[PDB]
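Q: Got a structure for you, written out below as structure tokens; questions coming shortly.
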Amino acid sequence: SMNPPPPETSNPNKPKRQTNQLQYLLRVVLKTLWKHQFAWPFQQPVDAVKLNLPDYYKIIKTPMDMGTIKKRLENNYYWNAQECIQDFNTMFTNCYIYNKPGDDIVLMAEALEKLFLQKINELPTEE
Amino acid sequence: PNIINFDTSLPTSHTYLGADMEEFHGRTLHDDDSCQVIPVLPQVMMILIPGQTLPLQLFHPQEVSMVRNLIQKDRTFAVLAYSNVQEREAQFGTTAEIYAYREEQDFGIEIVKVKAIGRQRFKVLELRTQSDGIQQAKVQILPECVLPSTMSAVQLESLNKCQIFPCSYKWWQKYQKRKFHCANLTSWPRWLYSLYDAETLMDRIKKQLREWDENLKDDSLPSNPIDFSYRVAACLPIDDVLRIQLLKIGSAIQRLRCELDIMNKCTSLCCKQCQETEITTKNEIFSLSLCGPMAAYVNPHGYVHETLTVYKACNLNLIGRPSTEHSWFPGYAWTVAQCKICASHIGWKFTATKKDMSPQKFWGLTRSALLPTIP
Amino acid sequence: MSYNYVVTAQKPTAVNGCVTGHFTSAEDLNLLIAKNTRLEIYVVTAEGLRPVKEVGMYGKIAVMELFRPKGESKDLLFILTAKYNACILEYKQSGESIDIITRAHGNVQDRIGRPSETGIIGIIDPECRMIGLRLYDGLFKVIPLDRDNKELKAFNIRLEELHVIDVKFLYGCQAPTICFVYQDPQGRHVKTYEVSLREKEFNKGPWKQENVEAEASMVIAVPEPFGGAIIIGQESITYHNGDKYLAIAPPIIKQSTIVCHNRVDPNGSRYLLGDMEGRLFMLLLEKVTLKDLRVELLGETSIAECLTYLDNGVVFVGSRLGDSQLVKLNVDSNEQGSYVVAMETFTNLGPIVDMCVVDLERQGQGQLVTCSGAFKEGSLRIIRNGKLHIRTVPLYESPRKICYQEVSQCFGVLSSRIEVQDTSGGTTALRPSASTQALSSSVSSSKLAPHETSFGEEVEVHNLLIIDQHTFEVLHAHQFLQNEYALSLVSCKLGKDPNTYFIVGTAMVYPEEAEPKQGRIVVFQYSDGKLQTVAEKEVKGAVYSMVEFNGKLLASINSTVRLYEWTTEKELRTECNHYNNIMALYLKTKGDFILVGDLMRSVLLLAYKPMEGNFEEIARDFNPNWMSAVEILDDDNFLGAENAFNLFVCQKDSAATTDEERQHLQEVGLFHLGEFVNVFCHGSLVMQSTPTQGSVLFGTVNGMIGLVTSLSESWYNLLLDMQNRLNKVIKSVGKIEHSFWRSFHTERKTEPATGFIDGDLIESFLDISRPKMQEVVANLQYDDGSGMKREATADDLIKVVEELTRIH
Ligand SMILES: [Zn+2]
């Protein structure tokens, strides 16, 4: 059917703090995966109306994309780094579930996940 | 129209494919009619023409392994010309020699960007897919039918000493009258054999090309009729079946004749999905690249689009904001262009970044979405 | 699968070379003439010529020069063929048995090399030290002339000058030296090279490279005591010899370019020169060294292909465009101001461009009316057998097409003449021809040009000539429109109209328009001595061909084939069309089958559907090669002539097996003829229980005329075995393989002759001796007509060959 609303990026009732891990995830991880050339299918939520995939959101119960993660990092929505890591891994898992192993988008997602996991071991601790 | 200060060399280098590639200066050429066993690429759906630059981006591990194998061997793969694109039918094709490669690390997955060039036409004898998934092709090279001057069969032995020759329209009439004199001995006149003279056809194509490409015919265009015919065929915006018909042609004379027929007949370019929606005309075509107005380029997805550059276009909606990421013409921002009726993807609108550039804006239409049309 | 039989009914009469020397005896003066695939030797007497020998080689004579190395008693003859078969022959006579023996032979064709634009150039050093061959660009082949070189082995030398125009061996040098003219981005120059036999290389010549005239073409080696070289172009005749540099520029040669030359005096004092239009000039050298050059106009001969000075002032002029001439050169000119008087004329049928067959005199006795010659040497030729009686009707303008109309007792002939721009405005002819000396001449009326004219340039004017069949007077000469080219011509009755018409197709040709987009189809009627335009129809292209099609008009217009009906209002009405991939040049028919042909051998067989009212594609073949003429043999066979003087036959399969293979024309017949066929047409010259079925005559460029006819399977096999057995016993002139001669030879591919019986070889069985007949017939038994194997004696095959000779 039709499109669902995107995940909320801001919440005035939520506190705003800038920890070391979150500012690292913003200035390094997200920036690196952003200027990557395989990032174009993940810079925005899945437009299931245009791509004509009525069964995407039926299968993917929890959507996520890199644009939502960026808008959540910029608005200090994250409290700890675990939520951002979970958002990244949820995006990867949503991409893996719907498509068939061996498609182009699956290999691009595997590439992005490999780069993310090789940029996530260099995690600095809170100041 | 206007003028240009863009430098037409950057489009041919494909600078968007990472840093400086590992260029090779060698070249391998098989014998005519000689059979070869060549590997085929799976994702390539293009009808390749000899001399046409072909960039490719491959990320599949199987594709990268095959690319390594070819880099270590003779660096030649087979590009099939599909008559029915869906069922993987292939009767003709063209080989491609790799002349640059670049595997990129500090990158998500292992990916290789390769610049190759079409080499030799061929007929597809046998297609067999291996247990690996990659498919090999047993292939016969098709030769170039270089027919001699038609007057050599009827030349007078006395006039043999006159067959070399030391306002342009009078020189060509002198040429026609002096070279094709012996035509009086046949059943046909001189102007008829002037239609089957490779030099006259090449001059008429040069006239029709000075409309688009402002570069002189001194250095840019080759002198050999076969190379000239293939260079012209590389930048002829036509649909796929016409390109296959042109590729079937062996005699370069027939190739040049059919190309002149196309250039004189087809004037409008419409949407291939609409059939009745004019997009542009032959007049607005101009050459921003050295290889011509229409050249092959590759996107980040790895797809190949034959972009034809035009100055003006009609009936096109513009979707999205301009962007400079992975732009095939540096210093220009692309914007997706759709048909105003069927909304099919027609091409991109390239606007200049710096305000002192020229031209400030042009269009690049993909050949696969265009259809030639005569009134 | 072809089963065909081709024979030469008239030998090539065109002259492509002539020399004078001492070939038969040291005291006799011999004149040698080359007629493509024929060699004619004569002895020069006080009266004229005495025929001594005529031989037939298995190759087109490209180079023919006489020479005598120090040691022999008389001259030897060097010959090269188009297939690069080289040989050196001697004359041998013992009583009445003459036999041309082969002193040396061999093939000189390189493995790799692009044939040059100036063609084959063969020269001989005066002291007989080597033979220089110029075949490919940038490669000079040398054949040393030692006594041990009977293979004719050779070696190539590298040329830094790629575009060579002409070259000659210079007289008076210690080492063999060549002097040639070449071109480069700077211009045209002349240069000299010394050929070394010890190093197999080139050395700097006796005099350096000079810049010459922009159109410098011919080179003449001047013998002693002068030496040096004369360079002739379009505007200047210069001379170089070391320090000696002498240049003249007489205006009398500017009107036409000189093409051929010949030496008169042995020491090199006088020379004859022939130009394109047919004029003959005299170049005099004034004496130890040269003083000045002088050019005088001797007079008008036939359009000379070659010239040779005999003796006592007699000169032979070999012309491929016109008749061969023997002329006299008087000391005093005649009344009109010309030093030339014609002594004798030999017929020349080349070039034949179209022809037809008529029952003129007797009914059943066929006679051949052909268009021959070009420019002032054009003519009609009426040929009938009695060897062959040939009547000539001169036209002095170029004929192109011809057809016969019975009810009018006359012929229609398309013709073309050349005119030049008038000083005021308009055109003026060069000579009064048939179109300007007719009993009545009309011009057509327009029914539909920027940058007009130029400073006195040539233009073609086309006419349709109605010519009586009894008297051959130019009865009418209808001139066509300006810038209009006439292509096809047909005489036929159409529809329910009892009147017989002359139909002409024309194209509007302009300089800017390469492809003619405008043309006409005109229909005339002739009666009571006047021609009126009955019907006109405009078309959007060139009308390349027209055919009578069961009462309708089948016309080709560029890439279209159209059918026209003849209405009750006497108009041309379109019934159906067919739009091809190629442009329809050749059009033929049989019944409902239609054959369409392109210049590049693209063949298309179509069929008219009477119940549908449209055309349908039956078959098609595409194989790139320059064509020249096509013909339908029967329901399934289609004959054609292509590049390199070759004939071929294609077949279709009516029933066949598969939808894909039914649309293919197999290449079943191939043959190398040696002649460029220009016209095929059904007919027979013999009075009408015969092994052959069908009869198609064909005309050629070199004046040769031939006949093709189909055969049966058993007769074809028997004649092929006869050909093999006759090749194994007959001695070839120059020792050239018969199969190599008849092999379909292009520069790209070579294949044997299949589906063809060379009628000349089968005919030559009657000339040999009876022991050789018993040699050939020995252990035959290839008769597969009854079903088993029947034997064959000598008399059987004698009668068979006699009946095979009784068809032409
Ligand atoms: Zn559209």
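Residues are named by chain letter and number: chains run A, B, ... in the order of the structure tokens, numbers start at 1 in each chain, and ligands are numbered from 1 in the order shown.
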Give me, as a PDB file with N, CA, C and O atoms, in the first residue's frame, the set of residues whose atoms come within 7 Å of any atom of ligand 1, counting only C-alpha atoms and all ligand atoms.

A:
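Generated file (selection_10.pdb):
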```pdb
ATOM      1  N   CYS B 271      10.992  10.201 -27.320  1.00  0.00           N
ATOM      2  CA  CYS B 271      11.076   9.235 -26.233  1.00  0.00           C
ATOM      3  C   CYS B 271      10.776   7.834 -26.753  1.00  0.00           C
ATOM      4  O   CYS B 271       9.805   7.629 -27.489  1.00  0.00           O
ATOM      5  N   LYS B 272      11.612   6.867 -26.368  1.00  0.00           N
ATOM      6  CA  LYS B 272      11.424   5.499 -26.838  1.00  0.00           C
ATOM      7  C   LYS B 272      10.156   4.877 -26.268  1.00  0.00           C
ATOM      8  O   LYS B 272       9.557   4.000 -26.901  1.00  0.00           O
ATOM      9  N   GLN B 273       9.726   5.317 -25.085  1.00  0.00           N
ATOM     10  CA  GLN B 273       8.497   4.780 -24.514  1.00  0.00           C
ATOM     11  C   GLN B 273       7.264   5.460 -25.098  1.00  0.00           C
ATOM     12  O   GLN B 273       6.228   4.814 -25.286  1.00  0.00           O
ATOM     13  N   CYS B 274       7.359   6.755 -25.397  1.00  0.00           N
ATOM     14  CA  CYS B 274       6.199   7.492 -25.892  1.00  0.00           C
ATOM     15  C   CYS B 274       6.023   7.317 -27.394  1.00  0.00           C
ATOM     16  O   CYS B 274       4.889   7.239 -27.878  1.00  0.00           O
ATOM     17  N   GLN B 275       7.133   7.305 -28.138  1.00  0.00           N
ATOM     18  CA  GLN B 275       7.155   7.209 -29.596  1.00  0.00           C
ATOM     19  C   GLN B 275       6.643   8.491 -30.249  1.00  0.00           C
ATOM     20  O   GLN B 275       7.124   8.876 -31.320  1.00  0.00           O
ATOM     21  N   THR B 277       6.619  11.839 -28.765  1.00  0.00           N
ATOM     22  CA  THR B 277       6.933  12.941 -27.856  1.00  0.00           C
ATOM     23  C   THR B 277       8.340  13.421 -28.197  1.00  0.00           C
ATOM     24  O   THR B 277       9.324  12.804 -27.780  1.00  0.00           O
ATOM     25  N   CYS B 339      10.563  12.184 -18.991  1.00  0.00           N
ATOM     26  CA  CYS B 339       9.647  12.585 -20.049  1.00  0.00           C
ATOM     27  C   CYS B 339       8.423  13.271 -19.459  1.00  0.00           C
ATOM     28  O   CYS B 339       7.944  12.907 -18.382  1.00  0.00           O
ATOM     29  N   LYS B 340       7.918  14.278 -20.168  1.00  0.00           N
ATOM     30  CA  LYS B 340       6.770  15.018 -19.666  1.00  0.00           C
ATOM     31  C   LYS B 340       5.457  14.259 -19.809  1.00  0.00           C
ATOM     32  O   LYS B 340       4.439  14.724 -19.285  1.00  0.00           O
ATOM     33  N   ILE B 341       5.445  13.119 -20.497  1.00  0.00           N
ATOM     34  CA  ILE B 341       4.226  12.344 -20.722  1.00  0.00           C
ATOM     35  C   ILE B 341       4.281  11.013 -19.974  1.00  0.00           C
ATOM     36  O   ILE B 341       3.433  10.733 -19.126  1.00  0.00           O
ATOM     37  N   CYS B 342       5.272  10.177 -20.284  1.00  0.00           N
ATOM     38  CA  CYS B 342       5.392   8.852 -19.690  1.00  0.00           C
ATOM     39  C   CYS B 342       6.284   8.835 -18.458  1.00  0.00           C
ATOM     40  O   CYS B 342       6.354   7.803 -17.780  1.00  0.00           O
ATOM     41  N   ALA B 343       6.980   9.935 -18.173  1.00  0.00           N
ATOM     42  CA  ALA B 343       7.880  10.089 -17.032  1.00  0.00           C
ATOM     43  C   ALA B 343       9.086   9.161 -17.088  1.00  0.00           C
ATOM     44  O   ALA B 343       9.824   9.060 -16.103  1.00  0.00           O
ATOM     45  N   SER B 344       9.337   8.515 -18.222  1.00  0.00           N
ATOM     46  CA  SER B 344      10.502   7.652 -18.329  1.00  0.00           C
ATOM     47  C   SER B 344      11.784   8.471 -18.238  1.00  0.00           C
ATOM     48  O   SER B 344      11.841   9.631 -18.653  1.00  0.00           O
TER      49      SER B 344
END
```

Q: Find the residues in chain C near chain B: any atom within 6 Å counts, using only C-alpha atoms. Write them as number ranges by chain.

A: C: 118, 305, 351, 353, 644, 678

Q: Using only C-alpha atoms, find the residues of chain B whose closest atom to chain A is at most 7 Å away, then write them as a ChimeraX atom specification.

A: /B:107-109,300

Q: Write out, as a compact mmCIF listing (two decimals), in the first residue's frame, the residues just selected, with C-alpha atoms.

A:
```
# COMPACT_ATOMS: atom_id res chain seq x y z
CA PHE B 107 36.65 0.84 0.46
CA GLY B 108 33.66 -1.11 1.75
CA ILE B 109 34.07 -4.13 -0.52
CA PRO B 300 28.21 4.16 -9.34
```

Q: Can you list, as a short mmCIF file (atom, residue, chain, number, x, y, z; two decimals) with N, CA, C and O atoms, in the first residue's frame, all residues belonging to segment 27-97 of chain A that DSSP tags as helix (DSSP H, G or I)?

A:
```cif
data_model
loop_
_atom_site.label_atom_id
_atom_site.label_comp_id
_atom_site.auth_asym_id
_atom_site.auth_seq_id
_atom_site.Cartn_x
_atom_site.Cartn_y
_atom_site.Cartn_z
N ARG A 27 31.17 12.46 13.36
CA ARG A 27 32.24 13.09 12.60
C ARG A 27 33.08 12.10 11.80
O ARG A 27 33.82 12.52 10.90
N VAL A 28 32.99 10.80 12.09
CA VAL A 28 33.85 9.82 11.43
C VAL A 28 33.03 8.75 10.73
O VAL A 28 33.04 8.65 9.50
N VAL A 29 32.31 7.93 11.51
CA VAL A 29 31.61 6.78 10.95
C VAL A 29 30.58 7.22 9.92
O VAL A 29 30.61 6.78 8.76
N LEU A 30 29.66 8.09 10.33
CA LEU A 30 28.60 8.52 9.42
C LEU A 30 29.17 9.32 8.25
O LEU A 30 28.68 9.20 7.12
N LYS A 31 30.18 10.15 8.50
CA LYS A 31 30.80 10.90 7.42
C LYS A 31 31.47 9.97 6.41
O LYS A 31 31.33 10.15 5.19
N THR A 32 32.21 8.97 6.90
CA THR A 32 32.87 8.02 6.01
C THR A 32 31.86 7.24 5.17
O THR A 32 31.99 7.14 3.95
N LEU A 33 30.83 6.68 5.82
CA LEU A 33 29.80 5.95 5.09
C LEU A 33 28.94 6.87 4.23
O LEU A 33 28.24 6.38 3.34
N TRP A 34 28.96 8.18 4.47
CA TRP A 34 28.17 9.11 3.69
C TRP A 34 28.83 9.42 2.35
O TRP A 34 28.19 9.34 1.30
N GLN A 37 30.53 5.79 -2.18
CA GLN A 37 29.74 5.82 -3.41
C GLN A 37 28.61 4.81 -3.42
O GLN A 37 27.70 4.93 -4.25
N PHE A 38 28.63 3.82 -2.53
CA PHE A 38 27.54 2.86 -2.40
C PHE A 38 26.45 3.32 -1.44
O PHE A 38 25.57 2.53 -1.11
N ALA A 39 26.50 4.57 -1.00
CA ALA A 39 25.59 5.05 0.04
C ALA A 39 24.23 5.50 -0.50
O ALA A 39 23.32 5.71 0.30
N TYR A 56 7.59 -4.46 1.22
CA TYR A 56 8.77 -4.09 1.99
C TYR A 56 8.42 -3.83 3.45
O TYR A 56 8.96 -4.48 4.36
N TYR A 57 7.52 -2.89 3.69
CA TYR A 57 7.16 -2.56 5.06
C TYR A 57 6.29 -3.63 5.71
O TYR A 57 6.19 -3.66 6.94
N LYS A 58 5.71 -4.54 4.93
CA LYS A 58 5.05 -5.70 5.51
C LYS A 58 6.07 -6.65 6.13
O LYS A 58 5.80 -7.27 7.17
N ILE A 59 7.24 -6.78 5.51
CA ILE A 59 8.30 -7.64 6.02
C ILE A 59 9.19 -6.89 7.00
O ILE A 59 9.52 -7.40 8.07
N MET A 66 20.31 5.80 6.69
CA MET A 66 21.43 6.62 7.15
C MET A 66 21.04 8.09 7.29
O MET A 66 21.62 8.81 8.11
N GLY A 67 20.06 8.55 6.50
CA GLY A 67 19.58 9.91 6.67
C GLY A 67 18.92 10.13 8.01
O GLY A 67 19.12 11.17 8.65
N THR A 68 18.12 9.16 8.46
CA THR A 68 17.51 9.26 9.78
C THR A 68 18.57 9.25 10.88
O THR A 68 18.47 10.01 11.85
N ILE A 69 19.60 8.42 10.73
CA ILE A 69 20.68 8.38 11.70
C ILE A 69 21.42 9.72 11.73
O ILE A 69 21.81 10.21 12.80
N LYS A 70 21.60 10.34 10.56
CA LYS A 70 22.27 11.63 10.50
C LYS A 70 21.44 12.71 11.18
O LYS A 70 21.96 13.51 11.97
N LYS A 71 20.13 12.73 10.91
CA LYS A 71 19.26 13.73 11.52
C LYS A 71 19.10 13.50 13.02
O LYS A 71 18.83 14.44 13.76
N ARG A 72 19.28 12.25 13.48
CA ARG A 72 19.25 11.97 14.91
C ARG A 72 20.56 12.35 15.59
O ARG A 72 20.55 12.79 16.74
N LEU A 73 21.69 12.20 14.89
CA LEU A 73 22.97 12.63 15.45
C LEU A 73 23.06 14.15 15.51
O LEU A 73 23.61 14.71 16.47
N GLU A 74 22.54 14.84 14.50
CA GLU A 74 22.64 16.29 14.46
C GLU A 74 21.77 16.96 15.52
O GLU A 74 22.09 18.06 15.98
N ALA A 81 25.99 5.42 22.61
CA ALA A 81 26.39 4.93 21.30
C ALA A 81 25.71 3.62 20.92
O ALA A 81 25.64 3.29 19.73
N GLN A 82 25.20 2.88 21.91
CA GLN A 82 24.57 1.60 21.63
C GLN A 82 23.34 1.78 20.75
O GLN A 82 23.07 0.95 19.86
N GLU A 83 22.58 2.86 20.96
CA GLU A 83 21.39 3.10 20.15
C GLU A 83 21.76 3.39 18.69
O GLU A 83 21.10 2.90 17.77
N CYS A 84 22.83 4.16 18.47
CA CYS A 84 23.26 4.44 17.11
C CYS A 84 23.79 3.19 16.42
O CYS A 84 23.50 2.95 15.24
N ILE A 85 24.56 2.38 17.14
CA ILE A 85 25.04 1.12 16.57
C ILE A 85 23.87 0.20 16.24
O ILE A 85 23.86 -0.47 15.20
N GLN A 86 22.86 0.17 17.11
CA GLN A 86 21.68 -0.65 16.85
C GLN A 86 20.91 -0.14 15.64
O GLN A 86 20.38 -0.93 14.86
N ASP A 87 20.86 1.18 15.45
CA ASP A 87 20.20 1.73 14.27
C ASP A 87 20.92 1.32 13.00
O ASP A 87 20.30 0.90 12.01
N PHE A 88 22.26 1.44 13.00
CA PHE A 88 23.04 1.01 11.84
C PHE A 88 22.81 -0.47 11.54
O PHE A 88 22.54 -0.85 10.39
N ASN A 89 22.92 -1.32 12.56
CA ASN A 89 22.75 -2.75 12.34
C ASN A 89 21.32 -3.09 11.93
O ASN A 89 21.11 -4.04 11.17
N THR A 90 20.34 -2.32 12.40
CA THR A 90 18.96 -2.57 12.00
C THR A 90 18.75 -2.20 10.54
O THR A 90 18.03 -2.90 9.83
N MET A 91 19.36 -1.11 10.08
CA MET A 91 19.32 -0.79 8.66
C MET A 91 19.93 -1.91 7.83
O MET A 91 19.35 -2.35 6.83
N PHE A 92 21.12 -2.38 8.23
CA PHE A 92 21.76 -3.48 7.51
C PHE A 92 20.87 -4.72 7.48
O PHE A 92 20.73 -5.37 6.44
N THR A 93 20.27 -5.07 8.62
CA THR A 93 19.45 -6.27 8.70
C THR A 93 18.18 -6.14 7.87
O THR A 93 17.74 -7.10 7.22
N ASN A 94 17.56 -4.95 7.88
CA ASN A 94 16.39 -4.72 7.05
C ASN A 94 16.74 -4.85 5.57
O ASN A 94 15.95 -5.36 4.78
N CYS A 95 17.93 -4.38 5.18
CA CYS A 95 18.34 -4.55 3.79
C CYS A 95 18.60 -6.01 3.46
O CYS A 95 18.28 -6.47 2.36
N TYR A 96 19.18 -6.76 4.40
CA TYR A 96 19.48 -8.17 4.14
C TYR A 96 18.21 -9.01 4.05
O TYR A 96 18.13 -9.95 3.25
N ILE A 97 17.20 -8.70 4.88
CA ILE A 97 16.03 -9.57 4.99
C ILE A 97 15.24 -9.58 3.69
O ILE A 97 14.92 -10.64 3.14
#
```

Q: Please measure the separation of atom CA of residue 448 of chain C and atom CA of residue 534 of chain C, giving the value in Å to one decimal.

A: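 If I compute the distance from atom CA of residue 448 of chain C to atom CA of residue 534 of chain C, I get 17.1 Å.
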
Q: Show me, as a PDB file with N, CA, C and O atoms, in the first residue's frame, the residues that have an atom within 10 Å of residue 428 of chain C when counting only C-alpha atoms, minus same-chain residues fewer than 4 positions from it.

A:
```pdb
ATOM      1  N   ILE C 418      29.396  15.756 -75.511  1.00  0.00           N
ATOM      2  CA  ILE C 418      30.086  16.700 -74.641  1.00  0.00           C
ATOM      3  C   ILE C 418      30.041  18.075 -75.289  1.00  0.00           C
ATOM      4  O   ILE C 418      30.287  18.212 -76.493  1.00  0.00           O
ATOM      5  N   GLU C 419      29.729  19.095 -74.490  1.00  0.00           N
ATOM      6  CA  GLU C 419      29.734  20.475 -74.952  1.00  0.00           C
ATOM      7  C   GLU C 419      30.458  21.347 -73.933  1.00  0.00           C
ATOM      8  O   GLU C 419      30.698  20.938 -72.796  1.00  0.00           O
ATOM      9  N   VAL C 420      30.827  22.556 -74.356  1.00  0.00           N
ATOM     10  CA  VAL C 420      31.585  23.475 -73.518  1.00  0.00           C
ATOM     11  C   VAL C 420      30.826  24.791 -73.399  1.00  0.00           C
ATOM     12  O   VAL C 420      29.976  25.127 -74.227  1.00  0.00           O
ATOM     13  N   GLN C 421      31.150  25.539 -72.345  1.00  0.00           N
ATOM     14  CA  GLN C 421      30.454  26.788 -72.062  1.00  0.00           C
ATOM     15  C   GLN C 421      30.788  27.839 -73.114  1.00  0.00           C
ATOM     16  O   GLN C 421      31.961  28.103 -73.394  1.00  0.00           O
ATOM     17  N   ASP C 422      29.751  28.434 -73.696  1.00  0.00           N
ATOM     18  CA  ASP C 422      29.940  29.469 -74.699  1.00  0.00           C
ATOM     19  C   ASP C 422      30.556  30.719 -74.077  1.00  0.00           C
ATOM     20  O   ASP C 422      30.424  30.974 -72.876  1.00  0.00           O
ATOM     21  N   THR C 423      31.245  31.501 -74.914  1.00  0.00           N
ATOM     22  CA  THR C 423      31.874  32.731 -74.440  1.00  0.00           C
ATOM     23  C   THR C 423      30.838  33.721 -73.918  1.00  0.00           C
ATOM     24  O   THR C 423      31.073  34.409 -72.918  1.00  0.00           O
ATOM     25  N   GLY C 456      34.234  27.747 -69.256  1.00  0.00           N
ATOM     26  CA  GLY C 456      34.479  26.790 -70.319  1.00  0.00           C
ATOM     27  C   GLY C 456      34.748  25.366 -69.880  1.00  0.00           C
ATOM     28  O   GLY C 456      35.753  24.771 -70.283  1.00  0.00           O
ATOM     29  N   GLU C 458      33.338  21.233 -69.380  1.00  0.00           N
ATOM     30  CA  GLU C 458      32.570  20.267 -70.148  1.00  0.00           C
ATOM     31  C   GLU C 458      31.250  19.948 -69.453  1.00  0.00           C
ATOM     32  O   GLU C 458      31.160  19.921 -68.224  1.00  0.00           O
ATOM     33  N   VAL C 459      30.220  19.701 -70.262  1.00  0.00           N
ATOM     34  CA  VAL C 459      28.907  19.293 -69.779  1.00  0.00           C
ATOM     35  C   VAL C 459      28.352  18.235 -70.720  1.00  0.00           C
ATOM     36  O   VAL C 459      28.583  18.270 -71.934  1.00  0.00           O
TER      37      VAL C 459
END
```

Q: Identify all residues of segment 152-302 of chain C in strand (DSSP E) (DSSP on the backbone) and supply them as a PyMOL selection string.

A: chain C and resi 155-158+163-169+177-184+187-196+201-204+210-211+218-221+229-232+237-241+244-248+258-263+270-275+279-285+293-300

Q: May I have the residues within 12 Å of residue 12 of chain A as number ranges by chain, using only C-alpha atoms and disregarding those fewer than 6 positions away in the same chain?

A: A: 75-77

Q: Could you check the closest approach to residue 61 of chain A for each of A:106, A:16, A:25, A:98 and tell me which residue wins, using only C-alpha atoms?

A: A:98

Q: Between atom CA of residue 538 of chain C and atom CA of residue 520 of chain C, what is the distance, to one decimal in Å?

A: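 Atom CA of residue 520 of chain C lies at a distance of 4.7 Å from atom CA of residue 538 of chain C.
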
Q: State, in Å with one decimal place, the distance from atom CA of residue 151 of chain C to atom CA of residue 124 of chain C.

A: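 Distance between the two atoms: 17.5 Å.
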
Q: Extract, using only C-alpha atoms, all DNA, RNA and protein residues at most 10 Å from residue 3 of chain A, discarding same-chain residues fewer than 6 positions from it, and format them as a ChimeraX atom specification.

A: /A:46-50,54,57

Q: Please list as a ChimeraX atom specification every residue within 6 Å of residue 2 of chain C, counting only C-alpha atoms and excluding residues in the same chain fewer than 5 positions away.

A: /C:668-669,755

Q: Under the rule that only C-alpha atoms are counted, which of B:50, B:347, B:39, B:93 is the nearest residue to residue 75 of chain B?

A: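 Looking at the shortest contact to residue 75 of chain B, the residue is B:39.
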
Q: Could you give me, as number ranges by chain, the residues within 6 Å of residue 222 of chain C, counting only C-alpha atoms and dropping anything in the same chain fewer than 6 positions from it?

A: C: 228-229, 268

Q: Would you save the residues from that selection as a compact mmCIF listing (two decimals), in the first residue's frame, using N, CA, C and O atoms?

A:
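Heads up, here's the output in out-v9.txt:
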```
# COMPACT_ATOMS: atom_id res chain seq x y z
N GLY C 228 69.46 11.22 -70.17
CA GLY C 228 68.55 11.97 -69.33
C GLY C 228 67.12 11.45 -69.40
O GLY C 228 66.85 10.32 -69.82
N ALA C 229 66.19 12.31 -69.00
CA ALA C 229 64.79 11.96 -68.93
C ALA C 229 63.93 13.16 -69.29
O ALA C 229 64.25 14.30 -68.94
N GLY C 268 66.78 9.14 -80.52
CA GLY C 268 65.97 9.98 -79.66
C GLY C 268 65.90 11.43 -80.11
O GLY C 268 66.12 12.34 -79.32
```

Q: Tell me which of B:97, B:144, B:132, B:203 sits closest to residue 624 of chain C, counting only C-alpha atoms.

A: B:144

Q: Nearest residue to residue 42 of chain A out of A:65, A:20, A:60, A:99, using only C-alpha atoms?

A: A:65
